[PDB]
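For reference, the structure discussed in these notes is given below.
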Amino acid sequence: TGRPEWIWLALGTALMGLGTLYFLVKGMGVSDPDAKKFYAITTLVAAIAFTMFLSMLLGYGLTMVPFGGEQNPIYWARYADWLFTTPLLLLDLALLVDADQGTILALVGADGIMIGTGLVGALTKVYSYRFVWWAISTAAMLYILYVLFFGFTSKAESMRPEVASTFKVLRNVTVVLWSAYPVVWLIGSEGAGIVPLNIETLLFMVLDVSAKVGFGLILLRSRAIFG
Ligand SMILES: CCCCCCCCCCCCCC(=O)OC[C@H](COP(=O)([O-])OCC[N+](C)(C)C)OC(=O)CCCCCCCCCCCCC
Ligand SMILES: *C/C=C(C)/C=C/C=C(C)/C=C/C1=C(C)CCCC1(C)C
Ligand SMILES: CCCCCCCCO[C@@H]1O[C@H](CO)[C@@H](O)[C@H](O)[C@H]1O
């Protein structure tokens with residue numbers, strides 16, 4: 001009939017909006033140039049989330065895809081958000097540990113794949129191929145999560161305990177939250193259609209807010225971002 005997911009779009013909008021504005025204000029107040037690069041990335045992550053939630057709320061970034069004999073709604077704008085915001089989040093982790101330039105290029109890379117395949121999955125009309133795309137995307141994601149868990153922690157260990165242990169909290173936050181997205185896609189409106197669209201918007205919304213504003217509040221309050 002109508003669109004019951006709207007409420008969680010509206011609450012996502014509110015939350016990314018407040019977070020964007022809060023980061024903007026704290027970021028403008030501080031003088032340290034190193035701390036600033038973190039503000040700039042993190043305020044930008046939130047701002048993009050905000051604009052994409054707000055579009056969706058207003059009914060944009062939505063398409064119908066036929067698969068399994070039905071006409072099925074898919075919010076593709078969501079992938080336009082992730083395309084930019086996930087790699088910016090990795091750049092935050094990467095600058096915290098002084099990652100080598102070519103590790104960063106690998107992650108951004110893996111990441112582009114992850115979002116690009118997720119999206120193609122979300123629009124494929126042969127039901128089983130949707131899961132082929134989904135599996136590739138999850139493979140790229142695991143690769144990310146591996147490098148953050150093995151490669152970056154080893155890097156963090158070269159840093160003062162305070163930047164290491166901030167990194168550890170953020171790594172920990174990223175691993176738990178990111179590792180849930182594939183499960184939601186698989187069981188929700190984009191995959192098996194078990195969990196309906198409203199409940200799935202809710203879940204992604206909570207993961208997104210946690211993965212960006214939650215992440216942001218942890219980083220941007222740390223002494224670790226100061227030079
Ligand atoms: C240097 C010179 C360059 C030459 C010209 C090229 C410039 C083009 C830029 C990139 C092209 C993207 C096109 C686009 O369209 O973007 C993506 C999308 C909108 O989706 P859709 O329209 O197909 O949805 C369904 C369709 N149906 C609802 C209307 C029926 O959603 C989004 O990522 C964002 C939506 C808007 C963001 C909200 C904040 C500010 C918006 C103000 C302007 C809006 C004016 C109408
Ligand atoms: C602010 C948004 C965040 C941190 C979003 C993270 C999203 C992912 C790690 C997405 C992962 C996906 C898969 C692993 C496979 C299927 C489709 C994707 C895009 C949802
Ligand atoms: C109310 C919503 C507006 C959000 C403003 C987000 C600001 C994004 O961040 C911007 O990144 C620049 C690089 O281009 C940095 O060097 C800056 O400090 C900043 O202008």
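Quick note on naming: the chains in the structure tokens go A, B, ... in the order shown, residues restart at 1 in each chain, and ligands are numbered from 1 in order of appearance.
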
task: Output the neighbourhood of ligand 1 as a PyMOL selection string, that is, all protein and nucleic acid residues with some atom at most 10 Å from the ligand, counting only C-alpha atoms and all ligand atoms.
output: chain A and resi 48+50-56+58-63+75-81

Resulting file, chosen residues, N, CA, C and O atoms, as an mmCIF file, in the first residue's frame:
data_model
loop_
_atom_site.group_PDB
_atom_site.id
_atom_site.type_symbol
_atom_site.label_atom_id
_atom_site.label_comp_id
_atom_site.auth_asym_id
_atom_site.auth_seq_id
_atom_site.Cartn_x
_atom_site.Cartn_y
_atom_site.Cartn_z
ATOM 1 N N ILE A 48 27.522 12.798 4.038
ATOM 2 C CA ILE A 48 27.077 11.970 2.902
ATOM 3 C C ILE A 48 25.929 11.007 3.285
ATOM 4 O O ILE A 48 24.956 10.877 2.560
ATOM 5 N N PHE A 50 23.875 11.503 5.701
ATOM 6 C CA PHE A 50 22.740 12.407 5.871
ATOM 7 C C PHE A 50 22.017 12.765 4.589
ATOM 8 O O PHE A 50 20.778 12.634 4.499
ATOM 9 N N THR A 51 22.765 13.211 3.598
ATOM 10 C CA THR A 51 22.163 13.511 2.307
ATOM 11 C C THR A 51 21.450 12.281 1.645
ATOM 12 O O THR A 51 20.382 12.424 1.039
ATOM 13 N N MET A 52 22.045 11.085 1.758
ATOM 14 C CA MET A 52 21.475 9.889 1.156
ATOM 15 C C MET A 52 20.261 9.403 1.935
ATOM 16 O O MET A 52 19.244 9.004 1.326
ATOM 17 N N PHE A 53 20.285 9.515 3.256
ATOM 18 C CA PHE A 53 19.056 9.168 4.014
ATOM 19 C C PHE A 53 17.910 10.109 3.703
ATOM 20 O O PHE A 53 16.754 9.736 3.528
ATOM 21 N N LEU A 54 18.257 11.373 3.634
ATOM 22 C CA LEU A 54 17.282 12.396 3.328
ATOM 23 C C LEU A 54 16.617 12.211 1.886
ATOM 24 O O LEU A 54 15.396 12.353 1.772
ATOM 25 N N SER A 55 17.398 11.802 0.868
ATOM 26 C CA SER A 55 16.895 11.519 -0.452
ATOM 27 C C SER A 55 15.858 10.382 -0.488
ATOM 28 O O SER A 55 14.808 10.468 -1.175
ATOM 29 N N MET A 56 16.205 9.318 0.267
ATOM 30 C CA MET A 56 15.477 8.093 0.358
ATOM 31 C C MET A 56 14.187 8.352 1.028
ATOM 32 O O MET A 56 13.128 8.013 0.460
ATOM 33 N N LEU A 58 12.649 11.153 1.044
ATOM 34 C CA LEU A 58 11.855 11.970 0.129
ATOM 35 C C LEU A 58 11.415 11.122 -1.070
ATOM 36 O O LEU A 58 10.909 11.645 -2.054
ATOM 37 N N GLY A 59 11.728 9.826 -1.001
ATOM 38 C CA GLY A 59 11.410 8.824 -2.041
ATOM 39 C C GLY A 59 12.347 8.693 -3.230
ATOM 40 O O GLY A 59 11.954 8.194 -4.282
ATOM 41 N N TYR A 60 13.599 9.092 -3.091
ATOM 42 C CA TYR A 60 14.515 8.893 -4.201
ATOM 43 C C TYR A 60 15.426 7.673 -3.955
ATOM 44 O O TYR A 60 15.414 7.089 -2.884
ATOM 45 N N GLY A 61 16.187 7.264 -4.960
ATOM 46 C CA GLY A 61 17.076 6.122 -4.827
ATOM 47 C C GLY A 61 16.384 4.819 -4.619
ATOM 48 O O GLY A 61 16.909 3.951 -3.928
ATOM 49 N N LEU A 62 15.207 4.682 -5.227
ATOM 50 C CA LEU A 62 14.368 3.476 -5.096
ATOM 51 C C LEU A 62 13.977 2.984 -6.492
ATOM 52 O O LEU A 62 13.691 3.762 -7.415
ATOM 53 N N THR A 63 14.119 1.673 -6.663
ATOM 54 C CA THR A 63 13.745 1.028 -7.896
ATOM 55 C C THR A 63 13.087 -0.332 -7.588
ATOM 56 O O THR A 63 13.264 -0.873 -6.494
ATOM 57 N N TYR A 75 16.504 -0.055 -2.519
ATOM 58 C CA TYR A 75 16.930 1.264 -2.346
ATOM 59 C C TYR A 75 18.364 1.252 -2.811
ATOM 60 O O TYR A 75 19.295 1.010 -2.061
ATOM 61 N N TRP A 76 18.580 1.621 -4.036
ATOM 62 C CA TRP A 76 19.964 1.701 -4.483
ATOM 63 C C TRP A 76 20.793 2.890 -4.005
ATOM 64 O O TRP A 76 22.036 2.834 -3.993
ATOM 65 N N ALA A 77 20.148 3.973 -3.607
ATOM 66 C CA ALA A 77 20.909 5.149 -3.131
ATOM 67 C C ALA A 77 21.786 4.763 -1.965
ATOM 68 O O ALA A 77 22.860 5.326 -1.733
ATOM 69 N N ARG A 78 21.330 3.799 -1.202
ATOM 70 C CA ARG A 78 22.084 3.358 -0.061
ATOM 71 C C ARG A 78 23.536 3.008 -0.521
ATOM 72 O O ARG A 78 24.555 3.306 0.180
ATOM 73 N N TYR A 79 23.652 2.424 -1.713
ATOM 74 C CA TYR A 79 24.966 2.010 -2.198
ATOM 75 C C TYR A 79 25.773 3.252 -2.628
ATOM 76 O O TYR A 79 27.034 3.271 -2.559
ATOM 77 N N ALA A 80 25.072 4.287 -3.076
ATOM 78 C CA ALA A 80 25.787 5.554 -3.368
ATOM 79 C C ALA A 80 26.413 6.163 -2.119
ATOM 80 O O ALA A 80 27.430 6.789 -2.207
ATOM 81 N N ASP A 81 25.797 5.959 -0.969
ATOM 82 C CA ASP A 81 26.354 6.408 0.296
ATOM 83 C C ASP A 81 27.675 5.596 0.608
ATOM 84 O O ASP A 81 28.740 6.160 0.833
#

task: Produce as a ChimeraX atom specification the set of residues near ligand 2, where near means within 8 Å with only C-alpha atoms and all ligand atoms considered.
output: /A:45,49,79,81-82,85-86,89,114-119,121-122,133-142,174,177-182,184-186,207-209,211-212

field: 6 Å shell around ligand 3 using only C-alpha atoms and all ligand atoms, listed as a PyMOL selection string
entry: chain A and resi 21+40+43-44+47

Generate the output file for the selected residues, N, CA, C and O atoms, as a PDB file, in the first residue's frame.
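Now in selection-v9.pdb:
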ATOM      1  N   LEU A  21      26.638  17.891  12.075  1.00  0.00           N
ATOM      2  CA  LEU A  21      26.660  19.251  12.572  1.00  0.00           C
ATOM      3  C   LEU A  21      27.586  19.349  13.841  1.00  0.00           C
ATOM      4  O   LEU A  21      28.421  20.206  13.936  1.00  0.00           O
ATOM      5  N   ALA A  40      37.829  16.419   9.154  1.00  0.00           N
ATOM      6  CA  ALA A  40      37.431  16.631   7.811  1.00  0.00           C
ATOM      7  C   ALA A  40      36.855  15.289   7.186  1.00  0.00           C
ATOM      8  O   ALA A  40      35.755  15.269   6.579  1.00  0.00           O
ATOM      9  N   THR A  43      33.493  14.259   9.369  1.00  0.00           N
ATOM     10  CA  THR A  43      32.368  15.085   9.157  1.00  0.00           C
ATOM     11  C   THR A  43      31.817  14.816   7.812  1.00  0.00           C
ATOM     12  O   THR A  43      30.615  14.876   7.633  1.00  0.00           O
ATOM     13  N   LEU A  44      32.715  14.562   6.844  1.00  0.00           N
ATOM     14  CA  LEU A  44      32.286  14.236   5.457  1.00  0.00           C
ATOM     15  C   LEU A  44      31.490  12.884   5.373  1.00  0.00           C
ATOM     16  O   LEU A  44      30.483  12.780   4.716  1.00  0.00           O
ATOM     17  N   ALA A  47      28.115  13.550   6.597  1.00  0.00           N
ATOM     18  CA  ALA A  47      27.360  14.457   5.789  1.00  0.00           C
ATOM     19  C   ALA A  47      26.761  13.715   4.604  1.00  0.00           C
ATOM     20  O   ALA A  47      25.649  13.992   4.210  1.00  0.00           O
TER      21      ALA A  47
END

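Of the listed residues (A:15, A:203, A:123, A:173), A:123 comes nearest to residue A:71; the distances count only C-alpha atoms.
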
- request: From a DSSP pass on the backbone, collect the residues of stretch 22-207 of chain A flagged as helix (DSSP H, G or I) and hand them back as number ranges by chain.
  value: A: 22-29, 33-57, 77-96, 101-123, 127-156, 161-187, 197-207

Restricted to C-alpha atoms, what would the selected residues look like written as a compact mmCIF listing (two decimals), in the first residue's frame?
# COMPACT_ATOMS: atom_id res chain seq x y z
CA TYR A 22 28.33 18.31 15.92
CA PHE A 23 31.47 17.15 14.11
CA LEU A 24 31.45 20.22 11.94
CA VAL A 25 31.36 22.46 15.04
CA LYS A 26 34.04 20.64 17.06
CA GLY A 27 36.22 20.35 13.93
CA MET A 28 36.08 24.06 13.25
CA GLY A 29 37.11 24.85 16.81
CA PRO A 33 46.48 20.33 11.75
CA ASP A 34 46.68 16.53 12.30
CA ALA A 35 43.42 16.47 14.28
CA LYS A 36 41.79 18.43 11.57
CA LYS A 37 42.32 15.79 8.79
CA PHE A 38 40.35 13.41 11.02
CA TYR A 39 37.55 15.92 11.42
CA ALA A 40 37.43 16.63 7.81
CA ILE A 41 37.10 12.90 6.82
CA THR A 42 34.61 12.11 9.62
CA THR A 43 32.37 15.09 9.16
CA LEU A 44 32.29 14.24 5.46
CA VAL A 45 31.25 10.57 6.15
CA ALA A 46 28.35 11.74 8.24
CA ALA A 47 27.36 14.46 5.79
CA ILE A 48 27.08 11.97 2.90
CA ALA A 49 25.03 9.53 4.99
CA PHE A 50 22.74 12.41 5.87
CA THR A 51 22.16 13.51 2.31
CA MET A 52 21.47 9.89 1.16
CA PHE A 53 19.06 9.17 4.01
CA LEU A 54 17.28 12.40 3.33
CA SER A 55 16.89 11.52 -0.45
CA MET A 56 15.48 8.09 0.36
CA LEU A 57 13.12 9.59 2.88
CA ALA A 77 20.91 5.15 -3.13
CA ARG A 78 22.08 3.36 -0.06
CA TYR A 79 24.97 2.01 -2.20
CA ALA A 80 25.79 5.55 -3.37
CA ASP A 81 26.35 6.41 0.30
CA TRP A 82 28.61 3.36 0.97
CA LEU A 83 30.61 3.84 -2.13
CA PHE A 84 32.19 7.00 -0.53
CA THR A 85 31.68 6.61 3.09
CA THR A 86 33.20 3.17 3.63
CA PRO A 87 36.53 4.00 2.06
CA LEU A 88 36.64 7.31 3.94
CA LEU A 89 36.21 5.29 7.17
CA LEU A 90 39.08 3.06 6.23
CA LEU A 91 41.24 6.15 5.46
CA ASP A 92 40.58 7.22 9.16
CA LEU A 93 41.86 3.88 10.45
CA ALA A 94 44.68 4.02 7.99
CA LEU A 95 45.95 7.45 9.09
CA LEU A 96 45.74 6.49 12.78
CA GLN A 101 50.14 4.17 0.78
CA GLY A 102 49.80 0.86 -1.12
CA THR A 103 47.92 -0.82 1.75
CA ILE A 104 45.45 2.10 1.52
CA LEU A 105 45.10 1.69 -2.24
CA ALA A 106 44.47 -2.07 -1.73
CA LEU A 107 41.64 -1.44 0.84
CA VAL A 108 40.00 1.31 -1.21
CA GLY A 109 40.19 -1.08 -4.04
CA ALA A 110 38.76 -4.08 -2.20
CA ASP A 111 36.17 -1.71 -0.94
CA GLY A 112 35.12 -0.46 -4.39
CA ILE A 113 34.61 -4.11 -5.37
CA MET A 114 32.57 -4.79 -2.26
CA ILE A 115 30.15 -1.98 -2.91
CA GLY A 116 30.11 -2.46 -6.70
CA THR A 117 29.35 -6.14 -6.53
CA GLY A 118 26.83 -5.65 -3.65
CA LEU A 119 24.96 -3.24 -5.93
CA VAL A 120 25.04 -5.39 -9.05
CA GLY A 121 23.70 -8.20 -6.77
CA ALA A 122 20.93 -5.99 -5.63
CA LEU A 123 19.85 -5.32 -9.26
CA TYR A 127 17.50 -15.07 -8.44
CA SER A 128 20.54 -17.36 -7.87
CA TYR A 129 22.99 -14.96 -9.52
CA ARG A 130 22.09 -12.37 -6.95
CA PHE A 131 23.89 -14.59 -4.47
CA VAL A 132 26.91 -15.01 -6.68
CA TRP A 133 27.42 -11.20 -6.48
CA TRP A 134 26.66 -11.22 -2.87
CA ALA A 135 29.37 -13.87 -2.21
CA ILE A 136 32.04 -11.92 -4.12
CA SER A 137 31.19 -8.82 -2.23
CA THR A 138 31.45 -10.61 1.12
CA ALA A 139 34.84 -12.10 -0.04
CA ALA A 140 36.11 -8.52 -0.65
CA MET A 141 34.79 -7.46 2.73
CA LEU A 142 36.50 -10.32 4.54
CA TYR A 143 39.74 -9.35 2.79
CA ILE A 144 39.34 -5.82 4.29
CA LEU A 145 38.57 -7.11 7.69
CA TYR A 146 41.63 -9.37 7.56
CA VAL A 147 44.01 -6.55 6.68
CA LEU A 148 42.51 -4.33 9.43
CA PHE A 149 42.75 -7.13 11.97
CA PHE A 150 46.22 -8.50 11.08
CA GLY A 151 47.99 -5.73 9.15
CA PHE A 152 46.81 -2.58 10.85
CA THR A 153 47.05 -3.92 14.49
CA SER A 154 50.64 -4.89 13.73
CA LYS A 155 51.20 -1.28 12.52
CA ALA A 156 49.33 0.13 15.61
CA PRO A 161 49.95 2.88 23.47
CA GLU A 162 47.31 5.52 23.28
CA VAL A 163 47.00 5.56 19.55
CA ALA A 164 47.17 1.76 19.53
CA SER A 165 44.41 1.30 21.92
CA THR A 166 42.14 3.85 20.20
CA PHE A 167 42.82 2.00 17.01
CA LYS A 168 41.87 -1.26 18.76
CA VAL A 169 38.48 0.08 19.90
CA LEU A 170 37.73 1.40 16.34
CA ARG A 171 38.93 -1.78 14.64
CA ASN A 172 36.73 -3.70 17.06
CA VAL A 173 33.70 -1.52 16.29
CA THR A 174 34.30 -1.90 12.49
CA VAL A 175 34.73 -5.67 12.58
CA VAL A 176 31.50 -6.31 14.54
CA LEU A 177 29.36 -3.86 12.56
CA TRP A 178 30.70 -4.52 9.04
CA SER A 179 30.46 -8.27 9.58
CA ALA A 180 26.76 -7.99 10.08
CA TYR A 181 25.87 -6.28 6.69
CA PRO A 182 26.11 -9.44 4.65
CA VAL A 183 23.80 -11.32 6.99
CA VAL A 184 21.17 -8.56 6.77
CA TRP A 185 21.38 -8.40 2.96
CA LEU A 186 21.07 -12.17 2.70
CA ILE A 187 17.92 -12.58 4.84
CA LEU A 197 11.88 -4.12 4.15
CA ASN A 198 10.91 -1.98 7.25
CA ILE A 199 12.78 -4.16 9.61
CA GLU A 200 15.77 -4.25 7.29
CA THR A 201 15.85 -0.44 6.98
CA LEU A 202 15.89 -0.36 10.76
CA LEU A 203 18.84 -2.77 10.96
CA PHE A 204 20.95 -1.06 8.29
CA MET A 205 20.13 2.28 9.91
CA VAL A 206 21.36 1.15 13.31
CA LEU A 207 24.51 -0.37 11.78

message: Run DSSP on the backbone and tell me which residues of stretch 21-166 of chain A come out as strand (DSSP E or B); list them as a PyMOL selection string.
response: chain A and resi 62-67+70-75

message: Restricting the calculation to only C-alpha atoms: of A:216, A:2, A:17, A:73, which residue gets closest to residue A:189?
response: A:73
